[PDB]
4 protein chains.
Amino acid sequence: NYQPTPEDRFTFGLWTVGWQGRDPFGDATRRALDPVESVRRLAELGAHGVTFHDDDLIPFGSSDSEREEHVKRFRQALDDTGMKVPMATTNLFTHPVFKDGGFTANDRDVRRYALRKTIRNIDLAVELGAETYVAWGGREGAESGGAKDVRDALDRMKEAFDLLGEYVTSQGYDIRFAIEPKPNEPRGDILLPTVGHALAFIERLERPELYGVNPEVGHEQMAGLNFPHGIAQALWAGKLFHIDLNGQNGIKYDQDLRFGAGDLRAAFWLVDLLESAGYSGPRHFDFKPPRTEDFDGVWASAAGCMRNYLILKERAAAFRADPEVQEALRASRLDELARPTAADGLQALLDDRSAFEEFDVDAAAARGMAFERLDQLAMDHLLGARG
Amino acid sequence: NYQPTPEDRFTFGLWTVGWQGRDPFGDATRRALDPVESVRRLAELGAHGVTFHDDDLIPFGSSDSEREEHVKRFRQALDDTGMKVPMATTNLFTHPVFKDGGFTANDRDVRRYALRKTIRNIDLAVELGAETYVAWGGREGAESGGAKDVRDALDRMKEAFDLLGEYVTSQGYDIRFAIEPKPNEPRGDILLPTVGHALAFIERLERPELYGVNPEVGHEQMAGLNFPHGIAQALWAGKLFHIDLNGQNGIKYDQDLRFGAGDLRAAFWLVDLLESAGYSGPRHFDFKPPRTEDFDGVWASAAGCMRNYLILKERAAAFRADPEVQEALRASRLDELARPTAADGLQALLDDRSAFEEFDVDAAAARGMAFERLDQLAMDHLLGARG
Amino acid sequence: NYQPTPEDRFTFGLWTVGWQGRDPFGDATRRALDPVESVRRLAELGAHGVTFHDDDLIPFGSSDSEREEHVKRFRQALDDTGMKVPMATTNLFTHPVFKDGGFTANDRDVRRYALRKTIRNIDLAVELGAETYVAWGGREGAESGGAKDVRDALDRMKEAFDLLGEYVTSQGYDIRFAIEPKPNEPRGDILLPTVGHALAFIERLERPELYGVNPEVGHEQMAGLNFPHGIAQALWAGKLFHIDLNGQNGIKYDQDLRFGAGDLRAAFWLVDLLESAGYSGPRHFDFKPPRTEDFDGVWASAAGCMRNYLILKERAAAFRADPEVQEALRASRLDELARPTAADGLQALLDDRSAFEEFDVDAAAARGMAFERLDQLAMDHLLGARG
Amino acid sequence: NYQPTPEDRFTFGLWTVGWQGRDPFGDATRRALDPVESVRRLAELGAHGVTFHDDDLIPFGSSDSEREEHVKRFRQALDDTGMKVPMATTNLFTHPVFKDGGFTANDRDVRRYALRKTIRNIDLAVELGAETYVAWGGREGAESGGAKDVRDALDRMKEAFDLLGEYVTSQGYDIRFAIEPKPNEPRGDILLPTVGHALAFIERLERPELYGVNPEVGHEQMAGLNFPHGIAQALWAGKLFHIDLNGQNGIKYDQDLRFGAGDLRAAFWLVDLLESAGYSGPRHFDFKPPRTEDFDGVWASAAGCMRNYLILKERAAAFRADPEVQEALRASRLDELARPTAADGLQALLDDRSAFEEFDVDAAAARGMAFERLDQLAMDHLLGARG
Ligand SMILES: [Co+2]
Ligand SMILES: [Co+2]
Ligand SMILES: [Co+2]
Ligand SMILES: [Co+2]
């Protein structure tokens with residue numbers, strides 16, 4: 001079992017399976033992939049669609065004629081396979097002109113070029129049917145304190161995103177924006193480093209309803225944070241527009257391992273949350289097949305992404321449907337957590353002697369929470385060791 | 001030189017110099033301090049004021065009569081010294097009843113008790129002249145994934161803070177609330193773990209103008225984040241109500257070292273930012289004199305907090321006033337960062353061929369940013385090695 | 001299934017299930033446990049034995065008469081249950097006299113007291129049948145650079161361990177020493193912070209054959225290290241005398257979660273290594289039942305430690321016995337890794353043109369390693385999703 | 001002042017100032033540097049010498065004739081400038097053939113090629129006058145647990161280093177080997193991840209006296225470790241053959257910032273230790289000028305490396321020469337730390353009632369260590385704020 005179907009909404013970036021294995025210390029170990037072949041190979045694996053940076057699809061500096069031919073070859077592959085394009089984004093980090101950022105580069109003319117390069121690809125994204133446009137400000141940041149006034153940089157970041165919102169509104173486009181946070185790498189520190197910082201920034205834009213987040217498993221874990229906890233706050237705010245699934249082994253460089261690798265229990269609690277909250281967006285894999293692999297290992301790693309999600313989905317469903325677990329959840333008072341603290345109102349709480357004057361603090365302190373039994377039941381379900 | 005004066009607005013928590021040295025592996029190494037003696041000793045050192053948890057001032061379970069005597073003894077010490085009380089907060093973490101949290105405990109009756117305990121101390125804070133009321137949700141969190149539905153917990157957290165805002169409004173109190181984030185410890189993960197998460201949460205309250213943040217140097221660094229960067233976003237949003245100054249040596253347990261210790265360059269860039277942005281609030285030290293020290297080392301460590309701030313203030317002022325630095329800032333185009341990207345508007349940017357069609361991407365890519373020369377000038381100023 | 005038996009050699013410290021829930025921010029949530037009841041309760045759970053600090057068994061400052069009665073009550077419980085005592089250790093960290101360390105305290109008279117306190121408990125350990133004596137230097141370290149000359153401290157550390165080795169040799173005791181490394185907490189930095197540093201230090205003692213390591217899962221992970229990798233180097237050196245099993249969620253305070261929690265895949269690879277290398281020592285759990293739990297949750301958490309080990313043992317055995325895995329291991333050339341690089345000798349390697357002059361570097365570069373397929377087979381086995 | 005002279009023994013790798021700015025997300029921002037020009041430019045800056053990988057000097061795949069011309073052009077630049085070559089090393093990480101390692105690659109023929117490539121460059125190093133040969137096993141490691149049997153890998157690592165030692169002995173070469181540890185990146189985990197693991201491994205080689213360590217500031221800090229503490233253990237063992245100086249801002253990707261940047265207080269305590277222990281080897285800078293910089297910023301960053309060392313040297317000397325500091329060191333009993341615990345021997349310690357039976361544990365517990373006053377004196381000296 002555990003066979004993906006386009007109904008599962010699994011998507012892959014062209015840059016993921018297409019990664020050649022260039023890391024900061026070694027040359028590429030794999031030849032470049034034609035975007036057309038990647039689309040065909042992913043379709044055979046059961047994927048729902050692909051995503052792209054502008055420069056993944058149209059090589060940098062291409063003429064409007066060559067650009068025309070690239071889009072046509074790509075769209076023919078989409079038609080031949082039934083693959084969708086739910087998301088697109090801009091490469092504002094590879095070319096040396098972006099070495100100090102795009103939207104927040106110190107040089108004003110670089111910032112204007114970064115906006116024009118973005119707007120050009122929004123047009124293409126809408127043509128191809130994308131519903132979400134992702135922004136990863138990988139070069140927005142600094143290695144030293146004096147190089148960037150962060151208040152001025154946030155002014156420039158806000159100005160860029162308002163202008164992009166004004167453009168999609170004036171064009172009548174049906175597309176939303178999602179910010180993909182990352183705490184560091186390639187810059188020493190990157191602006192808007194976590195999901196929380198991105199959510200706070202969004203509330204200061206002119207049209208906040210146009211903007212959400214695209215959190216990535218590995219990036220929040222590069223700051224040692226609880227990724228399921230962060231996704232829950234994003235859902236609670238109504239801002240989970242998209243999500244990047246992969247693996248990461250703690251606080252170190254951005255590994256981009258296949259989903260399921262890294263923190264396995266965190267992946268279980270993530271799928272539990274996404275499935276019970278009814279997240280209906282794409283399940284997007286932003287990962288890198290290790291450079292030890294040939295092309296056969298590339299497709300095996302991409303297949304593993306989808307397989308691990310489906311296994312975890314099965315185990316999280318069985319966990320929540322188990323009547324013994326439902327009983328344990330009541331023993332830990334998860335049901336009381338969901339009830340209002342004071343629906344009777346402030347004045348009733350103040351006049352309630354059972355809440356303070358006559359509250360038996362020692363009797364309440366004595367109640368065990370029963371969390372460890374519940375967590376071992378979750379472990380048994382994850383490992384398939386219930387019976 | 002480097003002598004503090006109450007005009008410098010340096011404050012200390014009673015729990016800081018009063019810490020007895022109890023850590024998870026060892027007994028206390030110092031006897032308890034009378035709050036009256038701490039106020040007198042801090043006044044002699046040049047401090048501006050003190051802060052307190054309710055249970056620092058009035059021992060838990062005290063009668064209304066003993067409580068009366070404690071407040072009176074305290075206020076007499078404030079009058080004898082001229083010390084102020086700019087901030088107060090609630091202890092919702094020491095007593096075993098709070099072992100699963102206060103505002104977000106699974107048990108509903110514990111949540112109601114936590115609200116009543118808080119409201120009682122808001123009354124006392126206003127009486128004593130506090131302008132800011134701090135909330136540190138140290139027990140709001142979890143060690144395992146099934147123990148806490150984070151969406152429900154955020155519902156309960158929002159409900160608590162709205163009720164507190166409704167109370168201070170109905171009483172006509174002139175006091176604001178500040179959330180002090182912490183990523184972990186004592187809980188495995190703590191809700192609202194960074195300044196960003198706290199800022200985002202605040203925008204969902206009913207009266208957001210009543211709530212800001214109280215970031216602590218060490219806590220953002222426990223997630224490997226750039227503390228000056230986070231303070232800048234808090235200032236940019238208008239939410240820096242208060243700040244906790246200390247030291248921390250990277251990602252590990254919460255050290256609470258004296259300010260200046262830990263990341264020294266981060267402390268320099270922090271003081272630069274606070275002084276140039278015109279932060280006018282208290283400079284509050286939330287620190288622990290190491291348990292290796294006797295009472296003489298306690299007062300030496302508290303004196304060092306204030307000394308290091310004043311030295312860093314002098315060096316950051318000299319850095320910004322140096323005409324060679326002002327020249328280097330222009331060489332790195334910090335002046336262009338502060339200018340609007342597109343004050344001419346979206347339509348003018350789209351019709352501007354110098355921004356894309358005729359932009360010389362290679363000429364712009366060739367410009368060095370000159371950041372390293374600027375950063376060595378900052379190092380020379382920090383070390384007093386200019387000449 | 002998954003029922004422990006004393007044949008599985010599972011052991012627990014008295015301080016583990018006996019932990020009262022005192023953390024740096026809150027009072028104890030559980031009453032103290034009689035060591036006799038802990039022995040009886042662990043025997044019922046299927047445990048093989050217990051371990052103890054001197055001060056866990058005999059309260060500090062006890063007379064030789066009360067000490068006599070404590071040992072007698074304890075030994076009667078061991079006889080009534082069949083429980084063993086394979087390991088003992090000294091508490092050189094709780095009492096305030098040890099606030100700057102024991103073996104490496106700056107004060108010479110404290111160092112001499114620390115040696116005498118240790119020697120007294122070695123006598124008791126041998127009487128009770130312990131084969132390993134563990135040393136955790138939790139207070140050996142510093143919060144600041146000038147407080148400790150590390151070369152002098154290592155001189156004092158070496159002097160202490162040589163003296164202990166001279167004592168057990170002169171007494172004819174059959175006991176070995178094991179060092180338990182920890183990188184930090186409670187001290188800002190702790191000496192001998194990892195398994196590697198401890199192994200290197202041991203080679204400088206007078207009788208190195210008497211000393212090995214007692215690594216703990218959580219402690220190596222507090223430095224972001226690969227715990228299975230560290231255990232493999234300890235086995236390779238012949239120094240794995242003992243091991244502490246628990247869980248930890250990355251780089252933060254020492255969590256001491258039940259084994260299986262934390263990094264689940266790391267726990268799988270650990271059990272694989274221990275079982276295939278034929279580690280025959282105790283499987284010791286150095287963990288803390290969370291302070292949210294009552295006594296029922298304490299025993300459930302201890303039962304979970306043993307259960308998770310037995311599940312992981314089953315899955316690692318099935319992984320290694322799978323002929324498809326054995327085939328994949330050959331596809332990744334694990335068999336070639338085990339063969340000598342140059343058994344033909346140096347001169348034969350130099351005269352071998354197939355090793356350099358005629359080596360086809362591009363043909364070898366093209367071979368995929370097939371690691372991702374192998375790792376997904378390990379994931380399928382871990383999750384019980386093979387079929 | 002603060003002007004370097006070749007007497008200060010400052011060295012730079014050709015790959016440092018020669019770094020083109022290729023990181024995992026962006027193209028190079030600087031053109032390649034001729035090794036001859038780098039030697040001339042570093043000589044003008046006051047450097048003592050340079051170091052090189054084989055492939056830095058002789059491009060990969062070069063004929064024996066072109067190789068001859070490269071060495072000749074290089075040696076002429078050394079003669080024209082007076083620059084020395086104290087250290088050389090092998091590139092066993094860039095070419096795709098090394099994607100699973102060199103000495104510990106699973107494929108046996110790759111391991112033999114890696115040994116031959118190394119031996120060829122040892123010949124060149126000795127010709128050029130190098131005294132130390134550095135080994136950085138950047139590709140020795142794994143991303144997943146099943147890919148590498150670490151015991152077998154350590155067997156292959158030991159076999160490689162013994163063979164290299166047999167070669168330099170048979171040739172009568174006067175050169176030593178130094179291992180440069182790194183915990184991760186580019187591999188998920190790297191073998192021998194810290195200075196401690198490298199020191200322990202060395203004691204298992206056939207000729208341990210031939211091997212030491214080359215620790216790097218940033219690498220130990222990528223595991224959150226205290227770099228001065230690790231250097232002290234390396235000195236204590238007699239194994240500090242060489243050292244790499246740079247900066248790093250905590251646990252994240254390998255930043256390789258200029259020395260002085262990153263953890264400034266750690267850099268102060270490092271220079272204090274190196275200068276007081278009489279380290280006489282090269283002061284080598286393994287750093288990367290940020291890719292934001294042009295060639296002018298490259299030379300400014302390299303000049304800053306040497307400047308910051310000389311400033312820190314001055315401040316550490318003034319700290320140790322201050323009679324008030326010498327007094328504070330006695331107040332903290334640093335003098336007692338250096339005295340033997342029990343030069344009177346074991347039997348005298350056992351018969352000494354002042355060490356246990358009559359030891360006043362409470363009087364000793366009451367003595368403050370006075371560490372905070374001492375550490376603020378060190379801060380005052382570092383900042384030049386004594387007077
Ligand atoms: Co990533
Ligand atoms: Co703190
Ligand atoms: Co532990
Ligand atoms: Co490095």
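FYI, residue positions are counted from 1 along the chain as it appears here.
If you're wondering, the header gives X-ray crystallography, 1.9 Å.
Placed from the backbone N, Cα and C atoms, the Cβ positions cover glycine too.
Swiss-Prot names C:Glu180, C:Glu216, C:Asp244 for binding Mg(2+) 1. Of C:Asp149, C:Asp286, C:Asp294, C:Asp296, the residue it gives for the same site is C:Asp286. The recorded positions considered are C:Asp56, C:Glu180, C:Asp244, C:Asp254, C:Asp286; of these, C:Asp56 has the fewest other C-beta atoms within 10 angstroms of its C-beta. The recorded positions listed here are C:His53, C:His219; among them, C:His219 has the most other Cβ atoms within 10 Å of its own Cβ.
Excluding C:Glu180, C:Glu216, C:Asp244, C:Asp286, which define the Mg(2+) 1 site, the same chain contributes C:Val134, C:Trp136, C:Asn214, C:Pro215, C:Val217, C:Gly218, C:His219, C:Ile243, C:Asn246, C:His284 within 8 Å (Cβ to the Cβ centroid), listed in sequence order. Rounded to a whole value, the Cα-Cα separation of C:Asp254 (Mg(2+) 2 binding site) and C:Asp244 (Mg(2+) 1 binding site) is 13 Å.
When the C-alpha distances from C:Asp256 (Mg(2+) 2 binding site) to the recorded positions C:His53, C:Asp56, C:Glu180, C:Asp244, C:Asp286 are tabulated, the minimum falls on C:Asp286. C:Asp256 (Mg(2+) 2 binding site) carries neither a helix nor a strand DSSP state and counts as coil. Candidates C:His53, C:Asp56, C:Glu180, C:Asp286 (recorded positions) were compared with C:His219 (Mg(2+) 2 binding site); those inside 10 Å Cα-Cα are C:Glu180. According to DSSP, C:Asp286 (Mg(2+) 1 binding site) sits in a coil region rather than a helix or strand. Counting every protein chain shown, the Cβ of C:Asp256 (Mg(2+) 2 binding site) has 24 other Cβ atoms within 10 Å. Distance between Cα atoms for C:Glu216 (Mg(2+) 1 binding site) and C:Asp56 (active site): 20 Å, as a whole number. Rounded to a whole number, the distance between the Cα atoms of C:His53 (active site) and C:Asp286 (Mg(2+) 1 binding site) is 12 Å.
A simple way to gauge crowding: the CB of C:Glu216 (Mg(2+) 1 binding site) has 26 other CB atoms within 10 angstroms, across all the protein chains here. Apart from C:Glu216, C:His219, C:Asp254, C:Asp256, the residues listed for Mg(2+) 2, the same chain places the Cβ atoms of C:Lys182, C:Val217, C:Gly218, C:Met222, C:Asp244, C:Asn246, C:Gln248, C:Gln255, C:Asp286 within 8 Å of the centroid of those Cβ atoms.
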